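Input: a single structure, listed below in structure tokens.
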Amino acid sequence: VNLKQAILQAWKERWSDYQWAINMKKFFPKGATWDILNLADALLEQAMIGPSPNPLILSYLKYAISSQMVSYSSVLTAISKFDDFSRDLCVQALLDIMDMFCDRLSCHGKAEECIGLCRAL
Amino acid sequence: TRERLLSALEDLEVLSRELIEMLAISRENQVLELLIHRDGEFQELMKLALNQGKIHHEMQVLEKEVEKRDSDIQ
Amino acid sequence: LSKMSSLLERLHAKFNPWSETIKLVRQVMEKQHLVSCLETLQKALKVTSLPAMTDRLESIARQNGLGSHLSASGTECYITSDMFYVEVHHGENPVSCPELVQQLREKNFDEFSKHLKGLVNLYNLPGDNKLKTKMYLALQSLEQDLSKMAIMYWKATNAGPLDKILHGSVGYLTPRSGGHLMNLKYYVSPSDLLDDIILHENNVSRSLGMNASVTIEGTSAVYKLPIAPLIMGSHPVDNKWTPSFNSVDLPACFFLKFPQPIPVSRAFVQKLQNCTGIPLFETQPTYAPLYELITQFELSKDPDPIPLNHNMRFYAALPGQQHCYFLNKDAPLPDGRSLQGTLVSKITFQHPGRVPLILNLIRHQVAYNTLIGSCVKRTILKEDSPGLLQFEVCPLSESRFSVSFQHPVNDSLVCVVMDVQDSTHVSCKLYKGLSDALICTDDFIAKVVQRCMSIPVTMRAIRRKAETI
Amino acid sequence: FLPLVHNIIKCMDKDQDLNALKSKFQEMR
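Protein chains in written order, with the deposited numbering: chain x, 4 to 124; chain d, 26 to 52, 62 to 108; chain a, 13 to 28, 32 to 46, 56 to 112, 127 to 234, 240 to 288, 295 to 518; chain i, 65 to 79, 85 to 98.
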């Protein structure tokens with residue numbers, strides 16, 4: 004039902020990232036580009052609870068960036084809302100996630116998405 | 026039961042003799067295990083063997099008494 | 013089959032006698057070590073009166089390849105090297135051990151046989167002759183020093199036996215008796231102190252806990268060891284050791306053999322080396338994930354024919370609720386290498402000075418193994434629809450691990466990161482989202498764990514406390 | 065019975086024919 008419950012079921016029964024993608028499609032008929040539903044926010048919240056991120060939900064977010072499920076703008080905003088900064092491991096994970104899409108950073112959509120990418124940068 | 030005890034006795038004697046003879050020729063866990071198994075059979079039924087005889091003597095006394103009683107009654 | 017063939021051979025002999036066989040043996044004699061060994065076997069099964077029980081003691085001698093000389097019926101002596109003892127080299131007969139006397143007076147010749155085996159193993163020492171006597175003298179000095187160090191702790195604090203075992207200099211120490219060498223009890227796990240609420244008293248069982256044995260063993264390299272008691276002068280708090288040279298370069302070192310090999314992590318090897326310096330594993334052998342080795346140690350404590358085939362997904366059943374724990378070996382540590390460790394059976398220390406430091410590191414590694422070990426179980430939890438709460442253990446760093454579980458009331462994942470700072474001390478922090486229901490108070494969980502035992506158990510308390518609120 | 069057999073085995077280990090004959094008489098007993 005909620006995105007938190009779907010991600011958490013994906014953590015409970017060990018789902019590989021593509022099986023997570025399929026079952027995430029099946030749980031939600033309207034895709035809504037997954038950014039209306041804030042996929043990046045929920046994945047970052049339930050990945051960055053420990054002192055070190057659990058590699059499962061980070062694998063889910065890295066697949067959801069490398070495959071184009073989630074726009075770069077929602078990821079950059081959800082990265083921007085983290086701070087805390089006392090943990091170096093979560094910060095290094097966020098910088099590897101930024102190392103994925105940065106230098107590429109190419110929106111192919113409406114101009115409002117490009118303005119959103121500007122504000123997100 | 027008597028047959029079983031006699032068979033155990035014969036097996037024990039032959040196998041013990043064979044093991045000792047092989048030791049003598051040199052200067062046998064199979065034989066050893068067989069020995070302990072029938073030794074347990076003989077020992078457990080040797081306490082029985084002794085009591086059986088005492089019980090048999092008692093039975094003979096009882097039989098004599100019964101016989102007398104009957105003959106007297108007749 | 014073989015028995016049937018033997019019966020057929022007996023039938024053939026009957027057709028052919033025992034007297035003839037005896038005559039044939041006599042002819043062969045007129046015309056060995058295995059027959060001697062066979063004698064001991066059939067004399068061990070022999071059990072009769074006191075005369076034949078003295079021949080059973082003679083059987084025990086040749087069973088362990090020992091030499092027996094008897095003066096009168098009362099005294100018989102088994103003699104090899106310095107291992108000479110009499111049931112009525128370089129030392130007086132030490133004691134009339136009640137242990138050995140009780141076993142012999144009662145019908146336990148088997149227990150006496152085990153005790154001789156222990157004595158023979160202790161003196162399996164290679165060396166030569168005068169060197170063996172000196173090497174034994176060094177072991178005697180180490181034993182005296184270790185005993186004094188234990189006495190100092192008892193004088194300084196009148197601690198109960200449990201405190202000494204869990205947090206004391208050296209450990210509960212039983213002086214060597216007969217074959218058994220000195221045993222220092224490094225740790226007594228809370229779950230195993232309780233059996234089916241045991242109070243230790245001074246009657247603490249030899250195996251009721253984790254025990255390590257101190258002994259001298261020959262080495263390829265040459266080392267300098269104290270040949271006389273080195274605690275000539277003792278500072279009232281802790282101990283002071285007079286410096287070496295007395296000492297001699299015997300080709301051996303003191304050892305701290307562990308009866309069951311303890312899985313130890315690469316980080317511990319470095320932390321331990323920093324103090325002693327003696328290479329812990331010398332010739333670098335194999336080094337795979339630590340969590341696999343921890344599972345093998347826990348699973349092999351009780352042996353069963355079917356391998357668990359866990360796939361690192363151990364299932365645990367508890368009074369309330371059902372839990373499944375994934376040990377998550379292969380999770381990268383900050384360095385990028387999964388926790389890797391190798392079983393250690395023998396740790397070698399020249400003097401006891403570095404021993405207090407080495408033991409404190411070992412106690413911490415043993416404690417972490419016990420908390421993670423408590424989860425490993427042989428559970429066939431198949432098709433479990435109710436409960437089956439699923440937790441995963443990840444190695445965040447050497448000495449730290451995270452148990453991750455779904456929030457008991459809300460939906461976000463919540464993780465408790467536990468660090469085994471010391472053998473008896475673990476510090477745990479609950480990580481919970483900004484919007485979440487206060488799951489637990491870190492102190493209440495601690496009280497329940499200390500009063501009871503293990504960590505599969507800690508997760509139950511966290512769930513129950515949250516639900517009660 | 066078993067004691068006599070063990071005594072015969074001990075005699076074999078020491079070595085006799087007379088003892089084997091004694092074992093046969095023990096079997097008659």
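For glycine and all other residues, C-beta sits at the position ideal for the given N, C-alpha and C.
Output the distance between the C-alpha atoms of residue i and residue j, rounded to the nearest integer angstrom.
i: residue 101 of chain a; j: residue 266 of chain a; result: 35 Å
i: residue 32 of chain d; j: residue 75 of chain d; result: 11 Å
i: residue 56 of chain d; j: residue 337 of chain a; result: Residues lacking coordinates in chain d include everything strictly between 52 and 62, among them residue 56 of chain d.
i: residue 515 of chain a; j: residue 494 of chain a; result: 11 Å
i: residue 143 of chain a; j: residue 69 of chain a; result: 18 Å
i: residue 397 of chain a; j: residue 258 of chain a; result: 10 Å
i: residue 232 of chain a; j: residue 500 of chain a; result: 10 Å
i: residue 35 of chain x; j: residue 456 of chain a; result: 28 Å
i: residue 159 of chain a; j: residue 17 of chain a; result: 41 Å
i: residue 89 of chain i; j: residue 39 of chain a; result: 13 Å
i: residue 79 of chain i; j: residue 165 of chain a; result: 39 Å
i: residue 129 of chain a; j: residue 184 of chain a; result: 21 Å
i: residue 37 of chain x; j: residue 389 of chain a; result: 40 Å
i: residue 178 of chain a; j: residue 305 of chain a; result: 15 Å
i: residue 475 of chain a; j: residue 423 of chain a; result: 15 Å
i: residue 91 of chain d; j: residue 27 of chain d; result: 18 Å
i: residue 82 of chain i; j: residue 34 of chain d; result: One cannot assign coordinates to residue 82 of chain i, given that chain i in this structure leaps from 79 to 85.
i: residue 444 of chain a; j: residue 104 of chain x; result: 28 Å
i: residue 64 of chain x; j: residue 282 of chain a; result: 57 Å
i: residue 97 of chain d; j: residue 103 of chain d; result: 10 Å
With residue i as the anchor, note down where its alpha helix (DSSP H) starts and where it stops.
i: residue 319 of chain a; result: 315 to 324
i: residue 36 of chain d; result: 27 to 51
i: residue 156 of chain a; result: 147 to 160
i: residue 72 of chain d; result: 63 to 107
i: residue 70 of chain i; result: 66 to 78
i: residue 336 of chain a; result: Premise fails: residue 336 of chain a is in no alpha helix (DSSP H) and is neither H nor E.
i: residue 419 of chain a; result: 404 to 422
i: residue 24 of chain a; result: 14 to 27
i: residue 301 of chain a; result: First-last for residue 301 of chain a: 301 to 306, but that is the beta strand (DSSP E), not the alpha helix (DSSP H).
i: residue 92 of chain a; result: Run containing residue 92 of chain a: none in the alpha helix (DSSP H); it sits in the beta strand (DSSP E), 91 to 95.
i: residue 8 of chain x; result: 6 to 15
i: residue 37 of chain x; result: From DSSP, residue 37 of chain x is part of no alpha helix (DSSP H); its letter is neither H nor E.
In three-state terms, what does DSSP make of residue i?
i: residue 271 of chain a; result: coil
i: residue 73 of chain a; result: coil
i: residue 259 of chain a; result: strand
i: residue 447 of chain a; result: coil
i: residue 366 of chain a; result: strand
i: residue 87 of chain i; result: helix
i: residue 276 of chain a; result: coil
i: residue 479 of chain a; result: strand
i: residue 209 of chain a; result: coil
i: residue 221 of chain a; result: strand
i: residue 356 of chain a; result: coil
How would you call residue i, buried or exposed, if buried means at least 16 neighbouring beta carbons within 10 angstroms?
i: residue 334 of chain a; result: exposed
i: residue 194 of chain a; result: exposed
i: residue 488 of chain a; result: buried
i: residue 29 of chain a; result: There are no coordinates for residue 29 of chain a in this structure, because the numbering of chain a runs from 28 directly to 32.
i: residue 29 of chain a; result: The model of chain a omits the segment between 28 and 32, and residue 29 of chain a is among the residues lacking coordinates.
i: residue 88 of chain x; result: exposed
i: residue 93 of chain a; result: exposed
i: residue 369 of chain a; result: exposed
Name the two residues that bound the continuous beta strand (DSSP E) containing residue i.
i: residue 467 of chain a; result: 462 to 468
i: residue 31 of chain x; result: Neither: residue 31 of chain x is in no beta strand (DSSP E) and is coded neither H nor E.
i: residue 100 of chain a; result: 99 to 104
i: residue 111 of chain a; result: 107 to 111
i: residue 375 of chain a; result: 371 to 375
i: residue 389 of chain a; result: 389 to 393
Within the present structure, is the beta-carbon of residue i separated from the nearest heavy atom of the ligand NAP by less than 7 Å?
i: residue 269 of chain a; result: The ligand NAP is not among the ligands present in this structure, which contains no ligands whatsoever.
Spatial neighbours of residue i within its chain, please: C-beta separation below 7 Å, excluding the five flanking residues on both sides.
i: residue 97 of chain a; result: 78
i: residue 73 of chain d; result: 37
i: residue 51 of chain x; result: 85, 93
i: residue 153 of chain a; result: 138, 216, 217
i: residue 411 of chain a; result: 224
Considering only residues of the same chain and omitting the five flanking positions on each side of residue i, which have a CB-CB separation below 8 Å?
i: residue 76 of chain a; result: 70
Can you find the residues in the same chain that come closer than 6 Å, C-beta to C-beta, to residue i, ignoring five residues on each side of it along the sequence?
i: residue 90 of chain a; result: 102, 104
i: residue 49 of chain x; result: 10, 60
i: residue 175 of chain a; result: 270
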